[PDB]
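S.K.: Would you mind keeping the following structure in view while I ask a few things?
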Amino acid sequence: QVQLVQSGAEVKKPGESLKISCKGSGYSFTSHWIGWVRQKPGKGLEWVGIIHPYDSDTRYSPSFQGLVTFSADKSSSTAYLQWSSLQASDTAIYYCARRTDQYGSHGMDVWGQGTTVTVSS
Amino acid sequence: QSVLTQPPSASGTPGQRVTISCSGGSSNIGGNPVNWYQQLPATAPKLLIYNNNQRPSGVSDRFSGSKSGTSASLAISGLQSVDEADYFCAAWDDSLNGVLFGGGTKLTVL
Amino acid sequence: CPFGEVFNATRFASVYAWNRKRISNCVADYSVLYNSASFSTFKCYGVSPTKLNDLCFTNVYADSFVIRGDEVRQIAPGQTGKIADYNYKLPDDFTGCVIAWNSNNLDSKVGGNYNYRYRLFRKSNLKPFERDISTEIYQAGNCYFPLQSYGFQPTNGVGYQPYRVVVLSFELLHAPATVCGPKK
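Encoded structure:
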């Protein structure tokens with residue numbers, strides 16, 4: 001079953017580092033662009049970036065260049081989203097996205113199931 | 001959020017056909033083909049329509065789309081209680097180099 | 001009007017990364033451009049080439065990029081070729097013009113120029129105005145890069161030489177036109 005698997009509910013502290021993970025399984029991993037999708041609760045659907053896992057080829061939003069750190073490895077079959085600094089605006093349910101590049105269209109047919117990163121106070 | 005105008009609220013009896021209209025700049029809908037999405041509440045989103053009429057695996061034949069240049073229409077015939085979900089006119093575009101997203105279309109039954 | 005500013009920007013985008021641009025609030029001074037005897041291919045569609053200056057439109061997008069010198073023959077609305085199925089499918093409702101010319105003598109160097117690329121392997125045919133930058137491994141079974149380096153040379157002929165091309169595209173929608181007013 002083709003699935004981009006994000007981990008369980010995530011809690012850390014702001015300012016520090018966190019490399020959230022997204023396993024790619026059930027499909028040929030580096031043959032589709034993997035899109036990291038944001039959802040702060042109570043908003044229209046937000047976007048961070050999309051990355052090809054071959055050499056970390058980057059098509060990202062020009063208003064967050066350098067803030068959000070991406071990686072995606074083929075041998076680990078995992079897209080990794082990192083922030084060297086966490087804040088209160090990071091607290092959101094994040095999704096992955098597998099583009100249906102099979103001799104078809106683009107759109108993102110397989111998604112990440114959703115994982116909320118939080119800080120508790 | 002991007003410039004993709006979408007009705008945030010729709011309604012109707014079970015068995016109706018809703019029409020979600022979407023428009024914007026020509027680099028958004030006129031250039032790249034409009035895709036359509038659906039997210040159930042507190043779940044993951046899901047692709048409905050790509051290349052202006054084509055569906056991925058796992059969605060029914062009620063979901064149909066059309067593109068008229070920069071304008072677009074999602075047609076969902078025969079509503080039921082599965083329509084408690086927000087819908088997105090959204091596509092991978094090179095306007096600001098992103099999979100630009102829409103404003104939701106959440107429906108309830110009354 | 002950022003017209004030649006687009007054209008004489010010293011580097012271009014590729015044929016698969018074809019860069020359209022928003023043009024509005026301008027004069028229709030196309031006449032000095034096709035009185036400038038420097039361009040080669042002058043093929044306009046929907047509106048006559050001298051009539052582009054007179055009649056005005058909305059939704060101006062100029063698609064400026066580099067293609068081969070013999071493959072301007074493959075540039076036509078609805079012509080199905082190597083440029084149409086993989087690089088970019090041209091529209092049949094295209095109202096506008098396409099203009100190309102050679103500038104290989106500065107594009108060429110002594111060694112093989114490996115900076116731009118071209119889509120020689122794409123998965124299926126495009127729609128009008130499709131930009132797919134999905135540079136993934138090609139399942140053809142036998143698994144090569146979807147792009148390739150343009151093997152060009154000054155010893156290559158003019159048909160095998162790079163041309164700078166521009167595709168002015170117009171779409172008439174419900175808005176006033178913002179291009180005509182010059183030569184009044």
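Residue numbers (this note's numbering), protein chains in the order written: chain A, 1 to 121; chain B, 1 to 110; chain C, 1 to 184. Idealized CB from N, CA, C, for every residue including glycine.
#1: Within 10 Å of its beta-carbon, does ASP54/C have 16 or more other beta-carbons around it, so buried, or fewer, so exposed?
#2: Buried or exposed: which applies to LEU45/A, given that a residue is buried once 16 or more other Cβ atoms fall within 10 Å of its Cβ?
#3: Using the DSSP secondary-structure output, state which residues sit across from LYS12/A in a beta bridge.
#4: Given that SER124/C touches chain A, what residues does it touch there, using C-beta distances under 8 angstroms?
#5: If you drop the 5 nearest sequence neighbours on each side, which residues of the same chain put their C-beta closer than 6 angstroms to that of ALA175/C?
#6: With burial defined as no fewer than 16 other Cβ atoms inside 10 Å of the residue's Cβ, what is the status of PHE42/C: buried or exposed?
#7: Find the residues of chain A that neighbour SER48/C, judging by a C-beta separation of less than 7 angstroms, and give them in chain order.
#8: Are the Cβ atoms of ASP63/C and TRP18/C separated by less than 8 angstroms?
#9: In the DSSP assignment, the beta strand (DSSP E) including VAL6/C goes from what residue to what residue?
#10: Comparing the C-beta of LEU45/A with each C-beta of chain B, is any distance below 8 angstroms?
#11: Give me the residue from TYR61/C, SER149/C, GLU171/C, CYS44/C with the minimum Cα distance to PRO162/C.
#12: What is the residue span of the alpha helix (DSSP H) that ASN104/C lies within?
#13: Does the beta carbon of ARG131/C sit closer than 8 angstroms to a beta carbon anywhere in chain B?
#14: Which stretch, first to last residue, makes up the beta strand (DSSP E) that contains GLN6/A?
#15: Taking 8 angstroms as the threshold (beta carbon to beta carbon), is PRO33/B in contact with chain C?
#16: Where residue 197/C and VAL15/C are concerned, what is the direct C-alpha to C-alpha distance, given to the nearest angstrom?
#17: Name the DSSP beta bridge partners of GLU130/C, please?
#18: From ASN8/C to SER31/C, what does the alpha carbon distance come to, in whole angstroms?
#19: Cβ closer than 7 angstroms: which chain B residues qualify as neighbours of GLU71/C?
#20: Measuring CB to CB, does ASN25/C end up less than 8 angstroms from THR178/C?
#21: Is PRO182/C closer than 8 angstroms to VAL66/C when the C-beta atoms are compared?
#22: Does the CB of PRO14/B have a neighbour CB from chain A at under 8 angstroms?
#23: Does the distance from the CB of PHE39/C to the CB of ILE83/C come in under 8 angstroms?
#24: Scan the segment 61-90 of chain B for residues whose Cβ lies nearer than 9 angstroms to a Cβ of chain A and list them as they occur along the chain.
#25: Going along chain A in order, which residues have a C-beta closer than 8 angstroms to the C-beta of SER57/B?
#26: Among residues of its own chain, excluding the 5 on either side of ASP85/C, which ones have a beta-carbon nearer than 6 angstroms to its beta-carbon?
#27: To the nearest angstrom, how far is it from the Cα of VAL37/A to the Cα of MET108/A?
#28: Count the other CB atoms, across all protein chains shown, that sit within 10 Å of the CB of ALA9/A; report buried if there are 16 or more and exposed otherwise.
#29: Would you say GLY30/B lies against chain C (beta-carbon separation less than 8 angstroms)?
M.R.: This is what the structure gives:
#1: exposed
#2: Residue burial annotation: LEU45/A is buried, with at least 16 other C-beta atoms found within 10 angstroms of its C-beta.
#3: Paired residues: none, contrary to the question.
#4: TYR103, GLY104
#5: Cβ neighbours of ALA175/C beyond the five flanking positions: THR58.
#6: exposed
#7: Residues of chain A passing the Cβ test: none, with the nearest at roughly 36 angstroms.
#8: yes
#9: Boundaries for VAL6/C: no beta strand (DSSP E) harbours it, while the alpha helix (DSSP H) harbouring it runs 4-7, taken from the DSSP string.
#10: Closer than 8 angstroms to some Cβ of chain B, the Cβ of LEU45/A qualifies, so yes.
#11: Of the candidates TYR61/C, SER149/C, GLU171/C, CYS44/C, the residue whose Cα lies closest to the Cα of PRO162/C is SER149/C.
#12: 104-107
#13: Closer than 8 angstroms: yes.
#14: 3-6
#15: Closer than 8 angstroms to some Cβ of chain C, the Cβ of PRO33/B qualifies, so yes.
#16: Given a span of 1 to 184 for chain C in the structure shown, any question on residue 197/C remains unanswerable.
#17: The beta-bridge partner set that DSSP reports for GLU130/C is empty.
#18: Going from the Cα of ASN8/C to the Cα of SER31/C covers about 18 angstroms.
#19: Below the 7 angstroms Cβ cutoff, chain B contributes no neighbours of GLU71/C, its closest Cβ being approximately 22 angstroms away.
#20: yes
#21: no
#22: no
#23: no
#24: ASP86, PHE88, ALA90
#25: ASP109
#26: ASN125
#27: 11 angstroms
#28: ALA9/A should be labelled exposed.
#29: yes
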